[PDB]
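Listed here are the chains, written in short residue letters.
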Amino acid sequence: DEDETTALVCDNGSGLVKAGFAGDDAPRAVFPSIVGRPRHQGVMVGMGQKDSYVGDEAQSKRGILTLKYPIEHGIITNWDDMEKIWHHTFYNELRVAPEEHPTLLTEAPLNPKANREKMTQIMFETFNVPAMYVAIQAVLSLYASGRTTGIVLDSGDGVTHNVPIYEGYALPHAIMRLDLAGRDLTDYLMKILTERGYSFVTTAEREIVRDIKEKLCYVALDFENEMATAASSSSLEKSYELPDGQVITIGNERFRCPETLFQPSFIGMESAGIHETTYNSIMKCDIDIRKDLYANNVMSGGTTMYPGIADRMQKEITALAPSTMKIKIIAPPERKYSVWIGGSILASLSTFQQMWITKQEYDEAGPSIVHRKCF
Amino acid sequence: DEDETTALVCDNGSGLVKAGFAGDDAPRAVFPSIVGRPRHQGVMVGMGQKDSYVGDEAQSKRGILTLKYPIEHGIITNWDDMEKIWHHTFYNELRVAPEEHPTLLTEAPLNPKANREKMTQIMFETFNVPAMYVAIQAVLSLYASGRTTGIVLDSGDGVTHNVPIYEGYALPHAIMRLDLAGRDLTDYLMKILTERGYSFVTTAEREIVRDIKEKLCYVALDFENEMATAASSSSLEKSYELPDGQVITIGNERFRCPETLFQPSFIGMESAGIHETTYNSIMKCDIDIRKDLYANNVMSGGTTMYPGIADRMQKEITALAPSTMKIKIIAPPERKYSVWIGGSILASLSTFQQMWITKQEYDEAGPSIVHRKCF
Amino acid sequence: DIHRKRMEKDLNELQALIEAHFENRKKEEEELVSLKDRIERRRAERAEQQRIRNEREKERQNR
Amino acid sequence: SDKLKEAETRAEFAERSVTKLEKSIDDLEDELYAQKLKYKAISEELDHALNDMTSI
Amino acid sequence: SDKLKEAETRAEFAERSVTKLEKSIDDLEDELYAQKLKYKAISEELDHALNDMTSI
Ligand SMILES: Nc1ncnc2c1ncn2[C@@H]1O[C@H](COP(=O)(O)OP(=O)(O)O)[C@@H](O)[C@H]1O
Ligand SMILES: Nc1ncnc2c1ncn2[C@@H]1O[C@H](COP(=O)(O)OP(=O)(O)O)[C@@H](O)[C@H]1O
Ligand SMILES: [Mg+2]
Ligand SMILES: [Mg+2]
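Residues numbered from 1 in each chain as written, not as in the entry; some residues may be left out. Chains lettered and ligands numbered in written order. Part of a larger assembly, values for the part shown. Heavy atoms only, no water.

- Under the PDB entry, the name given to chain C is Isoform 6 of Troponin T, cardiac muscle, and the organism recorded is Homo sapiens.

- Listed in UniProt under the heading Function, the comment for chain A reads: "Actins are highly conserved proteins that are involved in various types of cell motility and are ubiquitously expressed in all eukaryotic cells." (UniProt positions renumbered as here; feature names shortened; annotations may be inferred.)

The structure is reproduced here in structure tokens:
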């Protein structure tokens with residue numbers, strides 16, 4: 001722990017938890033949001049026999065544990081799970097006590113207000129954090145980009161959000177949430193791999209196939225033409241070496257998996273591709289600034305490490321929108337940490353401690369005070 | 001052979017092959033999918049000395065043959081085995097030549113596309129069928145029920161599939177395959193009988209214990225309470241007369257075997273009971289029609305001859321789902337033939353010959369034509 | 001104002017790039033020297049085991 | 001005498017085990033050698049890539 | 001008795017050789033497996049960079 005009473009910066013992103021100290025450039029403890037529980041009961045002795053397993057421990061013990069998600073698309077299952085994982089993060093991973101450091105947290109866009117009230121109340125009772133602040137990840141990604149104008153595409157693991165912000169002003173009237181995310185990607189890839197001869201249901205293979213998505217997946221420039229040329233495609237077809245050692249070969253599926261977000265009709269969504277959701281979002285607001293939105297679009301999330309989103313994005317928007325002004329996307333490398341960086345940025349300036357949510361305000365007005373203290 | 005050129009209707013169900021002519025009410029040649037091979041080599045003469053043994057011949061010669069499964073959970077071992085068994089079915093059992101009759105076949109849900117392309121190619125080269133059509137067994141069971149709305153639970157011998165179909169349209173996004181089936185049932189019963197003092201490994205006892213499952217098995221209304229009262233249970237305990245003549249007595253095991261599908265944690269599956277798989281399947285799709293899915297669930301397969309699936313099904317779904325609307329299951333007697341009946345139904349109408357897969361289409365576009373001709 | 005600070009920190013990481021190189025290069029050189037000494041270790045071990053097997057053979061005919 | 005035949009039996013057992021283990025050691029050390037050499041070659045090439053980056 | 005003692009001595013010598021060679025094999029085995037774990041890592045990563053060439 002630093003000698004100074006600097007604040008805690010924790011991004012509880014929908015899919016990854018990244019925690020550390022204020023003034024740091026990158027979060028120190030970063031782990032996926034999976035939680036493992038003993039698949040069977042206790043009869044043995046001498047070691048183990050522990051209920052909750054979180055972090056890399058559960059990653060190593062994936063096979064023996066039922067792998068469960070305490071949060072999915074924002075919905076909260078069991079607050080005890082968050083209690084334990086935050087205990088682990090603060091003491092076993094961050095080696096910090098929350099008594100002496102206020103916490104800045106980031107929440108998924110348009111999270112329930114009742115969810116905020118309950119989570120804040122359990123937090124304040126269970127923990128002894130001196131002060132509090134929670135913010136939407138959209139403005140955090142904006143801060144990471146450091147440009148007040150643009151539309152943020154936050155692609156988490158449970159929801160994809162499109163949020164327009166002009167000159168550092170939120171536009172909730174033009175903000176939308178789409179239920180397509182990593183979960184859907186894994187599902188669709190699971191069914192295609194089932195049609196390829198490999199049919200698995202458990203979560204270990206879920207992580208294997210999301211790793212495959214991280215490594216080999218394409219974003220098709222032209223879809224049906226690329227499957228037409230991918231009929232044989234000995235060179236274009238790509239293989240992976242699974243940890244057991246078998247060589248699993250995939251061809252068109254590499255660019256037929258992310259395509260589903262662009263083409264939701266593959267597995268039955270009324271909503272069109274996410275580019276349509278950015279398009280409608282843009283036109284909902286006044287006409288004039290729309291061009292700037294076209295030229296200032298930002299994309300954020302862990303998924304963004306994949307190739308192909310930028311070219312597809314610009315080409316389709318230019319197809320939909322007039323091609324007079326030039327559209328260009330901006331995306332700094334390793335932007336999944338960017339939100340946490342913005343949290344540090346929030347703690348950088350000396351005005352931030354004017355609106356810390358202190359203990360006594362919550363003791364006076366209950367959780368309801370946040371309704372007036374954040375917004 | 002009928003004087004008319006009516007089509008062949010063949011259900012190659014995962015566990016049973018049922019073949020016959022179109023316009024017939026029930027398949028003529030029905031046999032299990034076991035295949036027997038000589039356990040030793042040839043030195044004797046005067047009789048026998050034949051490699052492949054299929055059908056009732058292998059059933060009578062189970063002891064002398066290594067009993068092997070050419071298909072397990074959809075996976076194909078050796079196409080030569082299917083070649084021989086289809087030869088036997090067409091000529092020795094159906095007494096029909098496939099030259100003059102197009103074939104309607106049913107395939108296991110979500111079968112590999114590569115499997116379809118290879119099986120169709122070997123079929124067309126080896127055989128001289130004039131025309132072809134292959135369909136998923138889900139819509140066949142739907143046709144047997146004759147109601148366009150419902151969720152089909154296909155419980156084969158290798159896989160159990162849950163498929164929702166609303167107003168006669170498939171919902172692949174909410175379709176799932178579970179690796180629990182007859183094989184698992186026999187295995188689990190084998191280990192319990194091993195704990196009862198009787199330990200066998202060979203397939204003859206596999207068929208004996210599946211017969212026991214057909215005859216005596218219960219589906220427990222309440223599980224732990226029924227073993228608690230089954231401690232002694234002189235009346236509730238039930239016996240079987242094995243063909244050798246020994247009397248083998250089983251008590252709670254009768255309802256502790258099918259329970260494993262409902263409670264997979266007994267032998268270690270991450271997936272919960274099949275009722276959870278129907279539940280998740282239902283919610284994946286739009287909320288509104290879910291009630292109809294609750295009220296229109298159908299179950300199909302040879303296993304369905306057992307008692308207890310209906311009461312357990314409804315009670316657990318009512319426990320999981322709100323109990324306002326009444327949930328009722330429908331299951332016609334002898335529904336394992338129902339798929340084949342639906343095949344006959346397909347040949348009943350005069351529009352079916354508009355999309356027969358003729359020889360010349362396959363000769364033009366290879367197997368790839370099916371990718372455009374069926375779906 | 002915040003954005004220039006980011007432009008600067010990235011620059012910090014950028015030069016840090018070479019600093020990330022240094023530990024990898026020392027580890028590479030350590031592997032280098034370990035393999036190079038393993039060369040003569042393997043050769044001497046081969047000679048030693050040849051002598052040991054010679055003693056094995058003489059004890060074999062001696063019994 | 002029975003103890004002496006048992007001693008000769010255990011001696012032959014241990015000597016055969018020794019021969020097997022020696023051959024295993026030799027083959028394993030040769031395999032490890034070739035493996036390390038291939039890794040060294042790739043590491044060489046990557047070091048050359050680092051030097052080129054520095055030249056930029 | 002003297003011959004039994006000589007044979008027992010030789011057998012014990014051989015058995016201690018067995019155990020020492022087994023330990024050496026263990027150490028070598030662990031080192032080779034690790035070497036290879038990192039070899040496959042660096043090979044996969046060079047391939048990933050080549051995938052970068054494809055994206056460019
Ligand atoms: N290094 C990486 N490369 C590619 N994809 C990644 C990487 N790390 C994480 N992901 C993907 O990002 C997803 C998590 O998104 P996350 O960054 O938590 O969203 P958010 O920005 O809302 O927190 C995971 O499902 C994973 O598939
Ligand atoms: N008369 C019967 N009574 C009870 N169970 C049966 C009967 N006939 C077959 N079965 C069971 O049905 C299973 C075969 O299922 P099957 O009907 O082939 O599935 P599918 O409907 O996918 O073809 C066998 O394992 C057997 O245990
Ligand atoms: Mg995100
Ligand atoms: Mg079935």
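Observations regarding the sheet that holds strand 16 (residues 298-300) of chain B
Residues and elements named next belong to chain B.
(1) Moving on: Strand order in the open sheet formed by 4 strands is 13-12-11-16, and the pairing between neighbours is mixed. Each of the sheet's edge strands pairs with one partner strand only, and the pair in question is strand 13 (176-178) and strand 16. Adjacent strand axes in the sheet meet at a mean angle of 20° when their direction is disregarded.
(2) Moving on: Note: strand 11 (residues 150-155) against strand 12 (residues 160-165), 6 bridges, orientation antiparallel. In the strand pairing of strand 12, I151 is matched with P164. (Pairing = 2+ DSSP bridges. Helix = DSSP H or I, 4+ residues; strand = E, 2+ residues; numbered from the N terminus. Axes fitted to C-alpha atoms, helices over the stretch in contact; angles between N-to-C directions.)

Looking at the site of ligand 2
All names here are of chain B.
(1) Moving on: If you check the shell around ligand 2, you find 17 residues, and the closest are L16, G156, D157, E214 and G302.
(2) Moving on: Take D157: an N or O atom from its side chain is 3.1 Å from an oxygen atom of ligand 2.
(3) Moving on: Contact distances for ligand 2 include 3.0 Å between a nitrogen atom and a side-chain N or O atom of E214.
(4) Moving on: Coverage of ligand 2 by the protein amounts to 86% of the 580 Å² it exposes when considered alone.
(5) Moving on: Among the secondary structure elements, those contributing two or more residues to the shell around ligand 2 are strand 2 (16-21) and strand 11.
(6) Moving on: Class assignment for the residues of the shell around ligand 2 results in 3 nonpolar, 9 polar and 5 charged.
(7) Moving on: Both domains that meet at the shell around ligand 2, namely domain 1 (5-31 + 73-138 + 338-371) and domain 3 (139-185 + 275-337), each give it at least three residues. (Near = heavy atom within 4 Å. Polar contact = N/O pair within 3.5 Å; in protein donor to acceptor, adjacent residues only side chain to side chain. Areas by Shrake-Rupley, 256 points an atom, 1.4 Å probe, with all protein chains shown as cover. Nonpolar A, V, L, I, M, F, W, Y, C, P; charged D, E, K, R; others polar. Domains from an automatic or database assignment.)

What about the pattern of salt bridges?
(1) Moving on: All told, the structure shown has 46 salt bridges over all chains when counted by the stated rule.
(2) Moving on: For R183(A), the salt bridge identified is with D187(A), shortest N-O distance 3.4 Å. A residue pair is termed a helical-turn pair when its members lie 3 or 4 positions apart in one helix, as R183(A) and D187(A) do in helix 5 (residues 182-195) at 4 residues.
(3) Moving on: You can call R183(A) partly exposed: its relative accessible area is 29%.
(4) Moving on: Residue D187(A) is classed as partly exposed on the basis of its relative accessible area, which comes to 25%.
(5) Moving on: When salt bridges that share partners are traced, they join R37(B), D51(B), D80(B), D81(B) and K84(B) into one network. (Salt bridge = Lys/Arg side-chain N within 4 Å of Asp/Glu carboxyl O. Buried < 20%, exposed > 50% of the residue type's maximum accessible area, 1.4 Å probe, protein only.)

Comments concerning the relation of the copies chain E and chain D
(1) Moving on: For the pair chain E and chain D, the superposition axis carries a translation of 0.0 Å, the fit reaches an RMSD of 1.1 Å, and the rotation angle comes to 179°. Read as a symmetry element, the transformation amounts to a two-fold axis. Closest approach to the rotation axis among the C-alpha atoms of chain E is made by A11(E), whose C-alpha sits 2.1 Å away.
(2) Moving on: The fraction of interface residues of chain E whose copies in chain D are also interface residues reaches 96%, indicating that both copies meet through the same surface. (Least-squares fit on C-alpha atoms. Contact = heavy atoms within 4.5 Å.)

Some remarks on the site of ligand 1
All names here are of chain A.
(1) Moving on: The immediate surroundings of ligand 1 are formed by 16 residues, with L16, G156, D157, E214 and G302 found nearest.
(2) Moving on: Here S14 contributes a side-chain N or O atom positioned 3.5 Å from an oxygen atom of ligand 1.
(3) Moving on: Contact with the protein chains hides 87% of the accessible area of ligand 1, taken as 570 Å² for the molecule alone.
(4) Moving on: Of all the secondary-structure elements, those providing two or more residues to the shell around ligand 1 are strand 2 (16-21) and strand 11 (150-155).
(5) Moving on: Tallied by class, residues from the shell around ligand 1 come to 3 nonpolar, 9 polar and 4 charged.
(6) Moving on: Counting the residues that make up the shell around ligand 1, at least three belong to each of domain 1 (5-31 + 73-138 + 338-371) and domain 3 (139-185 + 275-337).

Section: the pairing of strand 14 (residues 238-241) of chain A
The two faces of the sheet receive side chains in turn, since in a regular strand these alternate between them.
All names here are of chain A.
(1) Moving on: Side-chain alternation along strand 14 places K238 and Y240 on a buried face and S239 and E241 on a face that remains uncovered.
(2) Moving on: Across 4 bridges, the pairing between strand 14 and strand 15 (residues 247-250) is antiparallel. Bridge pairing in strand 15 links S239 to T249.
(3) Moving on: What sits between the antiparallel neighbours strand 14 and strand 15 is a turn of 5 residues, in which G245 has the positive phi angle 110°.

Concerning the arrangement of the chains
(1) Moving on: For the 6 pairs of chains in contact, the largest share of contacts goes to chains D and E.
(2) Moving on: For the non-touching pair chain A and chain D, the nearest C-alpha separation works out to 18 Å.
(3) Moving on: Kept free of each other, chain B and chain E leave a smallest C-alpha distance of 27 Å between them.

Overview of the sheet that holds strand 5 (residues 53-54) of chain B
Each strand in a sheet pairs with another by means of backbone hydrogen bonds, the pair being arranged parallel or else antiparallel.
Residues and elements named next belong to chain B.
(1) Moving on: Reading across the sheet, the 3 strands line up as 5-4-6 and stay open at both edges, with antiparallel pairing between neighbours. The two strands at the open ends of the sheet, each matched to only one other strand, are strand 5 and strand 6 (65-68).
(2) Moving on: As defined by bridge partners, strand 4 (residues 35-38) adjoins strand 6 across 4 bridges and the pair is classed as antiparallel. Considered in strand 6, the bridge of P38 is made with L65.

A closer look at a negative patch on the surface
(1) Moving on: Taken together, the side chains of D1(A), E2(A), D3(A), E4(A), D24(A), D25(A), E99(A), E100(A), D10(C) and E13(C) present a region of like negative charge at the surface.
(2) Moving on: Position of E13(C) among the secondary structure elements: in helix 1 (residues 2-62).
(3) Moving on: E13(C) sits in the exposed class, given a relative accessible area of 53%. (Patch = residues over 30% accessible without salt bridge, like charges linked within 9 Å, V, L, I, M, F, W, Y side chains within 5 Å. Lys, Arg positive; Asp, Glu negative; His and termini not counted. Charge placed at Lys NZ, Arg CZ, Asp CG, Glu CD.)

Observations regarding the environment of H88(B)
Residue and element names in this part refer to chain B.
(1) Moving on: With respect to the helices, strands and loops of the structure, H88 is situated in helix 2 (residues 79-93).
(2) Moving on: Classification of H88 as buried rests on a relative accessible area of 15%.
(3) Moving on: The sequence separation of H88 and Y53 amounts to 35 residues, and the corresponding C-alpha distance is 9.6 Å.
(4) Moving on: What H88 contacts, discounting residues up to four positions off in sequence, is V54, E57 and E93.

Notes on the domain arrangement of chain A
Residues and elements named next belong to chain A.
(1) Moving on: Each assigned domain of chain A is listed here: domain 1 (5-31 + 73-138 + 338-371), domain 2 (32-72), domain 3 (139-185 + 275-337) and domain 4 (186-274).
(2) Moving on: Using only C-alpha atoms to locate each centre, domain 1 and domain 2 end up separated by 25 Å.
(3) Moving on: Contacts between domain 1 and domain 2 engage 15 residues on the former and 14 residues on the latter.
(4) Moving on: On the domain 1 side of the interface with domain 2, the three residues burying the most area are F31, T77 and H88, jointly 34% of the side's total.
(5) Moving on: Connecting domain 1 to domain 2 are 1 salt bridge. (Buried area = accessible area lost by both parts, 1.4 Å probe.)

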